[PDB]
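Chain lettering (A, B, C, D, E, F, G, H and I) follows the sequence in which the chains are written, and residue indices restart at 1 in each chain.
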Amino acid sequence: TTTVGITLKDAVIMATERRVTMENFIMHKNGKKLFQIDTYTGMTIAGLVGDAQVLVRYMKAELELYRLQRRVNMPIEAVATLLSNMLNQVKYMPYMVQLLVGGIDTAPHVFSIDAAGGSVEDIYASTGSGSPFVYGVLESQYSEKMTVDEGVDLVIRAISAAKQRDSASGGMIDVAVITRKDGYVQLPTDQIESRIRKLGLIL
Amino acid sequence: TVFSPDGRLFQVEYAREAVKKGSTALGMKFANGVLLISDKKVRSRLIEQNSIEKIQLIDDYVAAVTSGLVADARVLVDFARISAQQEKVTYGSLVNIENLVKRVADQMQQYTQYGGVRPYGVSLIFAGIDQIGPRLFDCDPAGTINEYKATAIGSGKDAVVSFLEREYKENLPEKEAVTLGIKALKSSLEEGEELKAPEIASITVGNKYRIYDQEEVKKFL
Amino acid sequence: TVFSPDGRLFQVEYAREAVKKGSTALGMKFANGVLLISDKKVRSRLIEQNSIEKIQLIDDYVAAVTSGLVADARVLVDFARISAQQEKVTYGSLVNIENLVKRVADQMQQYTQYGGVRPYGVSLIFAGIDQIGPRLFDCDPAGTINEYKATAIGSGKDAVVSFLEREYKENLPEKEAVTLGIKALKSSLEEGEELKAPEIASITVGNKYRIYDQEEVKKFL
Amino acid sequence: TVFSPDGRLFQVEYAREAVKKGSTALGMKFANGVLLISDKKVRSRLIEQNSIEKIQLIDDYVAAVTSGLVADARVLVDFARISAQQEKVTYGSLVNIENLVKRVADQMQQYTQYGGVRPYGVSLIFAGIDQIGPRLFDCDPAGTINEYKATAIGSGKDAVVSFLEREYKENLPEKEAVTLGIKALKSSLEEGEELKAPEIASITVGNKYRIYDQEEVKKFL
Amino acid sequence: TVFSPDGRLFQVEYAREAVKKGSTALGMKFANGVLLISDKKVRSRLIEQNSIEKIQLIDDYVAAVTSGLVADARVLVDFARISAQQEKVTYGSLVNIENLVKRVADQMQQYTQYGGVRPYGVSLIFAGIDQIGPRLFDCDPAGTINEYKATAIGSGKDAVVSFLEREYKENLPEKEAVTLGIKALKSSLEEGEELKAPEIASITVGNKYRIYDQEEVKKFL
Amino acid sequence: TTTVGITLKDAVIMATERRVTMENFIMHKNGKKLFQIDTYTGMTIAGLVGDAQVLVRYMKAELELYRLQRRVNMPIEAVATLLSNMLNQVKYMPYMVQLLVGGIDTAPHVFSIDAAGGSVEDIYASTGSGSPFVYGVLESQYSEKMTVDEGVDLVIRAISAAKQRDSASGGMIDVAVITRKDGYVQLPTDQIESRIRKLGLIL
Amino acid sequence: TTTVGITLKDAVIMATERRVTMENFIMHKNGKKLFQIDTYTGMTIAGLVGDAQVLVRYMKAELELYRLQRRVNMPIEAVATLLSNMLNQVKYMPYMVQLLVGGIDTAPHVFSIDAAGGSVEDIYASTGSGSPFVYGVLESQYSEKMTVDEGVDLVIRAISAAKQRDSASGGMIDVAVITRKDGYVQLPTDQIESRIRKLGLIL
Amino acid sequence: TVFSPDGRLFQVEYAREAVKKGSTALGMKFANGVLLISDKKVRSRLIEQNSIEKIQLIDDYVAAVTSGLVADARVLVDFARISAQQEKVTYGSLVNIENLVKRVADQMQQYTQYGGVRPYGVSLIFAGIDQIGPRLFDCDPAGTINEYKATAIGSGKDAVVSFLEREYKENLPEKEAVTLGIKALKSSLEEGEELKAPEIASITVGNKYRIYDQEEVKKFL
Amino acid sequence: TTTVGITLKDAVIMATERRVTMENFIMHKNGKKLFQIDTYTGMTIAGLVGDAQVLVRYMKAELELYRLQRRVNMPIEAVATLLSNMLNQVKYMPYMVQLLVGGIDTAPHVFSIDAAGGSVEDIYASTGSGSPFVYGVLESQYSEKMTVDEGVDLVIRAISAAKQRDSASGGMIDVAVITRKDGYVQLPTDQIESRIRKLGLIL
């Protein structure tokens, strides 16, 4: 399982593949690891499914409530922080999970969060089993001067690479791009596999 | 709170009084949705207009409006809110809205009997579309709940309710529905002529709630 | 709540009053089952008809109808509901219904003596078929429980109870049974002529509860 | 509950009134066992006959009958029941019945002094055969308990108690014992001629309780 | 319970009233032990004689007799029982009896000031021989305790106490002591001539409590 | 022990075998692993019996209560989420069990739940000691264009296979098919063994 | 220690031997392992004495109380279930026991209950140290077309065999047969030892 | 605290009385910020001047001023203070000031119904700039909260509120806004001519709160 | 340490030796391991002194209290049951002890109780470090047709045997015989040592 969030100009793109496995026993081919969490933000799950899912629900509801009560959306740094607090608070009986949360408020952001509530922002970050491989192609071809369209390709490549060197990753790679103009939008399956074909990639 | 020799909880009765002295509002099912409309009666220029929202959202598919002791209404509203999240987080979906109102209702019913605690002097109505379809419920201080085709609450209850009781049109399309209502709201409290600025919101099956903008409402006004 | 110099709990007495001011309902054992019937007296056109169900199921094989403070009634019913589930999950089967009612009754009895808390202003009757056979019970605010061959509760209790007291036919087959019943109900509350649309449901040994549809009841009406 | 200037607990007294207005019952030691008898006074044909059992078993070797507030009685009975089991499970045997009654007596006594709570308006007698032999005790709202050779309780206490007080025969064999009893019961409440159907049960040293069937009791009637 | 403007707890006073109306009993130190005696006044033939024991044992070497609200007395006695056991199990021996009574006294004293709870309406006297020698103490509803050479309690207190106050003989040998006692008891309550059957028990240093048998007591009677 | 849920067109089929063993000592030849849990939904137990049984009872009552209070049946994704929450909430002292819940609300569904509250939907999934062997034949011959009858056969064959390669599974295989039309229906024992015979299978 | 329950036509027979040992040190030659638990029901204890015993008492009383309160006897499946709930609810600090509860309500029944609340009904089942051996003979000669007499012998043979091959089992074997006609009846010692002799068995 | 027959909480009403007897203060939104102004009426020369600060900071970007029972006021403020910190520590920033006030209000509303406790006899107004912009809210003992363009509180509320109600200039720049303010404050309480030394503080979007020094205020004075 | 209780006709005899040691360091030559617990009942302690002692005080007082309240002495099986409940109830943090309680109610009795609350009655039984040895001579010479005197001798013999082969046992052997006629009576030290002499035994 590999996911990645990347920041650029006036957008943030998040993508993951979706193979859920039990050791070597790949039991589920189409899991879901990318979730819209708020009008202008998404989250990627990686780690132990149970812990991940309930955490997504909490976050989701917690956000919606805040919105209503404050009449405004919660800032990304704020959501990251809340999540940081929740995780660390129970560090000694932790939600074995690795979260990546991205979104755009006044500007784009993407924070990497660990099971002990350690929270840090970067311009792009990968999470999960295939992390290294992607971190390689990213360290290699990522440029802040890229277009939202160039990005989606990069991302797709990056993951397709990790899909090659990591048995724990696989299945249809899917991406969502969130911008202030159109909000959080998840690209259409066909369009994605199309770029795959176009890029000469596989699976 | 205890029983009178005639089988009545006077305290709860008194509470009802407080609600009668509250703002008038109503709601009604129509075409393929439900709408809410409350009389936003403002005083000073110094009030921050819109900020005195009477129609509040519990969740993108369910709103409720209240009348009675303002403080009691607020706290009760927030209760309904977190309670909504609860069902969403355990079941993954607020399937039947009737249940949400039931929960807030029981909250209220508890203060009708557990000795040392004053009852909630507020009534409110919940409206929205759930798994079953568009739904409309009202709730009094006594914890009593009922589903309606259309209803009102607050000061001009009796009045407006009668108007509808007579001229309510079953499957009235939104535009006309909002009209029949504003008219009905008018007649009622409009002993004092000026309808002022009504607060209105409507949702229809298939989508999220919509709050009417100052101009749009003024159009029906 | 304390004893009068004549050995009476006035509060519980007053509570009984409230139940007298409730709607009227009855039930009776028949051929190989038991049936319930409540007078569904409606007001405005704006009410969502059926939604005001007076006969509520506790489980596919047991139902109850209540009279008195509506809020109280509801909470009481739900208590019965989870209580029913409790036995099933621990014993694997609700063998004797009599126990179910006893538990809800004790609940009530508690408020008869535990100081600071108002008594449940409600009476209800349980009926359905258990491991023993068709069963019929009633329960008042005092926590008093009795099993009957037939009975009624609410406003027109005295009236309707007498009619049966005289014209009740032991093992009357369902169709006639529901008739005798609707007649009895009629006579009673029917000082005001129009019986309106009664609410009726029945069950028979061997299977689950059946609620009569508008047309079917209208047939006996 | 507090002391009147004359040293009496008025609430407890008032409780006593309630028990007086209850049904009449008695029990008496005889040959090699003890028997219990209560006047089963029935009203409507619509009551489920036997279901209104006044003599209740606490365990195959011990039963009790009660008089007063029906609700309070039941709960008191069930307490005595579980309490019985308790002794059996810990010591492996209910050796002395006196203790069982003592424990239920104390429950009641508590409410006699612990402020915010109404006393159990009920009196009951326990009878059965324990390790010592056939035993008979009575207990009031005050938690007062005594062992008798014979006694009664409920409405016609004074009357029937007197009858026995005069014509009670020490080691009377069962058949005649039940006779003397029913005669005694008769006299008392029988200002209204018809004794109706008495409820009777008996146990004898050496075995489990025996409840008299409709015909058998009708034989003595 | 609070102070009257003259510095008195009226409730504790009223409680005392209740103990006056109780049976009459006494106890006195003699030769090399102490003896207890109470007036066993019986009514019906229907009472199970001896079962109405007034003198109760706390432990083989210590007994107490009580007067006042029967129930309260009972509960108070068991308390003293377990409490006696407690010292035995922790220290391995009930060295000073004075301590046992102090604890139960304190138990009673708590109700004299702890708000919502009625005072124990009973007075009792503990007697037995401990590590120090033969001991005799009395205790009232107020928690006041004192050690005597001889004393009484209950109804005929004032009378019997005066008799002793005058004719009490210091080191009287048992046989004569019990006589002096029974004489004193007689005179007192004996406004009604018949002394009936008294209940008497005695213990002497070096050994366990001895309860007199019907004939033995009838010998001094 | 082996169970299997499968989705197709407008129905869902679930079946299991029924041998209950203690290591190699096969102690109970006819246990029950297939349970109807609501008018339009069923559940398969796999793992430690004690935990499994109590979970089936809780599930049973909880749904029934719900139905009564909400006047409508609880959706499949809802029961699964409910179950998920229950299990995860006690992951540190888990119900050692592996559940498969299928049913049909607006459409057929089947979810795999693990002892930590991990829940995931698939078009078919097997559970228990013989899962692999069935995952094989299923992966080999399952086609979504199958008929409710072809399916019931497929399942019987799959389970039979596992019965061959796994000593922990055994006994009479039994299936239940649930459709909106007829609801949850458990096939008559004879009809099953009949199919066995016709299919040239064994036991 | 060995106990066995066997179901047949219109009765249930239950028997156990009665040697209680501490490893090899056989300390008590006559313990009791068969207990009537209600007018029409019995139970066989096997495992840790302390736990077993207290478990029998709770069961005993709980049932009696139920009878009085419900005016009817608790159904066998019901008592099994109760026991199940009780046991499982404390799985992490279990009653190290193995229970067999047989009885007759609408029809005969016999349930095998484990220290984790696993409960399963069979047509016959053995429990205890020598279970294997008896499972052997039973598997070999049991027939649901037997008469209650044939049964009582079968049971005696079974336990007798076990006694041969298991040093943990021993002592006088004793049986109780329960039928609706006569209720729970425990056979007289002499009658049992008589059949042993007639059969040519031993001890 | 309970409802009067006309649906009012007399205790909360009385509470309001205590705030009317407090000092006068006000605030209003202006150009691109908001200011707070209170009449600092002093008595003895012996008071430590400035130490009697009426305008209090909750955080560098939000202050509140209060009127009524001083003790109540203080405790209520500290609550707001820690409550503020709380949001910062969990979310990382106080995004909406409206929320802060809602919390402190809910704290007040609880004492409106939770039996044995006296409601907070104080009202206060919160002002500052948050994520939305410059904001102004007032809160009374009932727990009622509203946002204003401008408003006052304390003794001269009605007076100063009217003056603004009439002469309030929408986007008045600071210097003139404070002027209009001090003018309005004057008129009101200035039945006693001398305005004494007003306490004034203001903040503008983009930065932290600024409290006016003795000379700066004296300039507008 | 070695204790033994034996049943015969109309009396029960109990005896123990009295050496309390700490491993090989025999520190207390005269401990007491036989206690009268009620008018017609005694108990023999064996295990960790501390636990044993507190257990004897509890039992003692609990008994005395029961007598007074119930106006009758507690039956032997009752006191056994009581103890049983107490011990098992705390099996996971047990009173490391082994108790033997004998007495005579309607008839004589003697129960063996273990630290887990397992209680069993026999016609005789030994407890302690030397149990086996006594169980030997007992199994060899015990006869229910003996007389209270023969018994007392048997007991002394047994304990004397155990004292030979078990370094943990030792010191003066003391016995108490309890009968309905005279109640619980502990035999005079002299009379005991005399019998020793007469028997040609030692120590």
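Note that contacts are C-beta pairs under 8 Å (C-beta built on N, C-alpha and C of every residue); 3 or more make two chains touch, one makes a residue touch a chain.
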item: Touching subunit C and also subunit I, the following chains; value: D, G
item: Chain nearest the overall Cα centroid; value: C
item: Equivalent of C-G within the choices A-B, D-I or D-G, defined by over half of its residue contact pairs recurring; value: D-I
item: Furthest chain, CA centroid comparison against subunit F; value: E
item: Chain separated most widely from subunit C, comparing mean CA positions; value: I
item: Distance from the mean Cα position of subunit H to that of subunit C, given in whole angstrom; value: 57
item: Between subunit F and subunit C, distance of the C-alpha-averaged centres to the nearest whole Å; value: 41
item: Separation of subunit A from subunit H, taking each centre as the mean of its C-alpha atoms, in whole Å; value: 46
item: Interface hub residues of subunit I, defined as touching at least two other chains; value: 69, 85
item: Where subunit E touches two or more other chains at once, by residue number; value: none
item: Pairs of chains satisfying the touch condition; value: A-B, A-F, A-H, B-C, B-F, B-H, C-D, C-F, C-G, D-E, D-G, D-I, E-I, F-G, G-I
item: Subunit E-touching residues of subunit I, taken from the complex the two chains share; value: 57-58, 60-62, 64-65, 68-69
item: In the complex with subunit B, residue positions of subunit H that touch it; value: 1-9, 28, 102, 105-106, 108-109, 112-116, 136, 142-151, 161, 164-165, 168
item: For the subunit C and subunit G complex, residues of the former touching the latter; value: 90-93, 95-96, 98-99, 131-132
item: Of subunit E, residues touching subunit I in the complex; value: 57-60, 78, 81-82, 85, 88-89, 92
item: Residues on subunit I engaged by subunit G in the complex (per definition of touch); value: 84-85, 87-89, 91-92, 112, 114, 116-120, 122, 125, 132
